[PDB]
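Note sheet for the following structure.
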Amino acid sequence: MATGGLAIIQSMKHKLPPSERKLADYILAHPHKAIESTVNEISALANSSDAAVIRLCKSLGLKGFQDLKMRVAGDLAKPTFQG
């Protein structure tokens, strides 16, 4: 409920359109940066668009980018994802 952000992104990595894919790739590669980024920052980092970040979040069943960041942060809190 406050976790699973990385699992949900990794699950869809190969089922996402291009613009959403660039985003999922950057977040998976740099999840610590991702949880401290704005929509404008993450879209620039993934060479994608602001609209694609919102679409990515909706594609995953999330309320938006804050939800995505919270759920990723929840995973980074776990020993399962620490290291």
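Naming scheme: A, B, ... for chains in displayed order of the structure tokens; residues 1 onward per chain; ligands 1 onward as shown.
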
For residue A:11, list every protein, DNA or RNA residue within 12 Å, evaluated using only C-alpha atoms, and leave out those in the same chain fewer than 2 positions away; present the list as an mmCIF file with C-alpha atoms, in the first residue's frame.
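Saved result, result_6.cif, follows:
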data_model
loop_
_atom_site.group_PDB
_atom_site.id
_atom_site.type_symbol
_atom_site.label_atom_id
_atom_site.label_comp_id
_atom_site.auth_asym_id
_atom_site.auth_seq_id
_atom_site.Cartn_x
_atom_site.Cartn_y
_atom_site.Cartn_z
ATOM 1 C CA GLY A 4 6.021 -2.125 -4.456
ATOM 2 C CA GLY A 5 7.115 0.811 -6.700
ATOM 3 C CA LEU A 6 10.177 -0.954 -8.058
ATOM 4 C CA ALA A 7 8.447 -4.314 -8.519
ATOM 5 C CA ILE A 8 5.537 -2.767 -10.425
ATOM 6 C CA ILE A 9 7.931 -0.863 -12.772
ATOM 7 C CA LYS A 13 9.433 -2.782 -18.297
ATOM 8 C CA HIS A 14 8.783 -4.750 -21.559
ATOM 9 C CA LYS A 15 5.084 -3.892 -21.900
ATOM 10 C CA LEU A 16 5.370 -0.109 -22.043
ATOM 11 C CA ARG A 21 9.919 2.818 -21.281
ATOM 12 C CA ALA A 24 10.924 3.150 -16.350
ATOM 13 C CA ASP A 25 14.518 2.510 -17.345
ATOM 14 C CA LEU A 28 15.044 1.502 -12.239
ATOM 15 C CA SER A 59 -0.512 2.863 -16.801
ATOM 16 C CA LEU A 60 0.696 1.413 -13.480
#

Near-residue A:20 list (10 Å; only C-alpha atoms; drop same-chain fewer than 6 positions) as a list in words: residues 12, 13, 43, 46, 48, 49, 51, 52, 53, 54, 55, 56, 57 and 59 of chain A

Let me see the file: selected residues, N, CA, C and O atoms, as a compact mmCIF listing (two decimals), in the first residue's frame.
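Final output, saved to part.txt:
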# COMPACT_ATOMS: atom_id res chain seq x y z
N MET A 12 6.57 -4.25 -15.76
CA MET A 12 6.00 -3.68 -16.96
C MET A 12 7.08 -3.21 -17.91
O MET A 12 6.78 -2.71 -18.99
N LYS A 13 8.34 -3.32 -17.49
CA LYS A 13 9.43 -2.78 -18.30
C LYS A 13 9.30 -3.10 -19.79
O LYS A 13 9.53 -2.23 -20.61
N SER A 43 11.51 13.69 -16.37
CA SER A 43 11.24 13.60 -17.80
C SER A 43 12.48 14.03 -18.58
O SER A 43 12.82 13.39 -19.57
N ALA A 46 15.14 11.21 -18.43
CA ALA A 46 14.81 10.04 -19.26
C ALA A 46 14.69 10.41 -20.75
O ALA A 46 14.44 9.54 -21.59
N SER A 48 12.31 12.22 -22.09
CA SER A 48 10.92 11.88 -22.34
C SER A 48 10.10 13.15 -22.14
O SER A 48 10.62 14.23 -22.27
N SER A 49 8.81 13.06 -21.83
CA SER A 49 8.03 14.30 -21.67
C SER A 49 7.29 14.29 -20.34
O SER A 49 7.11 13.22 -19.73
N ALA A 51 4.13 14.71 -20.04
CA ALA A 51 2.89 13.94 -20.29
C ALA A 51 3.12 12.44 -20.15
O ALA A 51 2.27 11.71 -19.61
N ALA A 52 4.29 11.98 -20.58
CA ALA A 52 4.66 10.56 -20.50
C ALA A 52 4.85 10.07 -19.05
O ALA A 52 4.62 8.90 -18.73
N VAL A 53 5.34 10.96 -18.18
CA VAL A 53 5.43 10.60 -16.75
C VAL A 53 3.99 10.41 -16.23
O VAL A 53 3.72 9.47 -15.51
N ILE A 54 3.10 11.33 -16.55
CA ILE A 54 1.73 11.14 -16.05
C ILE A 54 1.10 9.84 -16.61
O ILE A 54 0.49 9.07 -15.85
N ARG A 55 1.21 9.62 -17.91
CA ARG A 55 0.77 8.36 -18.55
C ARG A 55 1.40 7.13 -17.92
O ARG A 55 0.73 6.14 -17.67
N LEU A 56 2.71 7.17 -17.66
CA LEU A 56 3.38 6.06 -16.97
C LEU A 56 2.69 5.75 -15.64
O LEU A 56 2.45 4.59 -15.32
N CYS A 57 2.40 6.79 -14.84
CA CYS A 57 1.79 6.59 -13.54
C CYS A 57 0.38 5.93 -13.67
O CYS A 57 0.07 4.98 -12.98
N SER A 59 -0.76 4.22 -16.28
CA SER A 59 -0.51 2.86 -16.80
C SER A 59 -0.27 1.84 -15.68
O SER A 59 -0.69 0.68 -15.78

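The closest residue to residue A:32, picked from A:67, A:72, A:50, A:2 and counting only C-alpha atoms, is A:72.
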
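Nearest residue to residue A:39, choosing from A:65, A:58, A:80, A:18 and counting only C-alpha atoms: A:65.
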
Excluding residue A:69 and any residue of its chain fewer than 5 positions from it, enumerate the residues within 8 Å of it, using only C-alpha atoms, and give them as a ChimeraX atom specification. /A:5,34-36

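Distance check against residue A:68 using only C-alpha atoms: of A:22, A:40, A:81, A:3, the minimum falls on A:3.
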
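Residue nearest residue A:26, chosen from A:70, A:41, A:79, A:1 and counting only C-alpha atoms: A:41.
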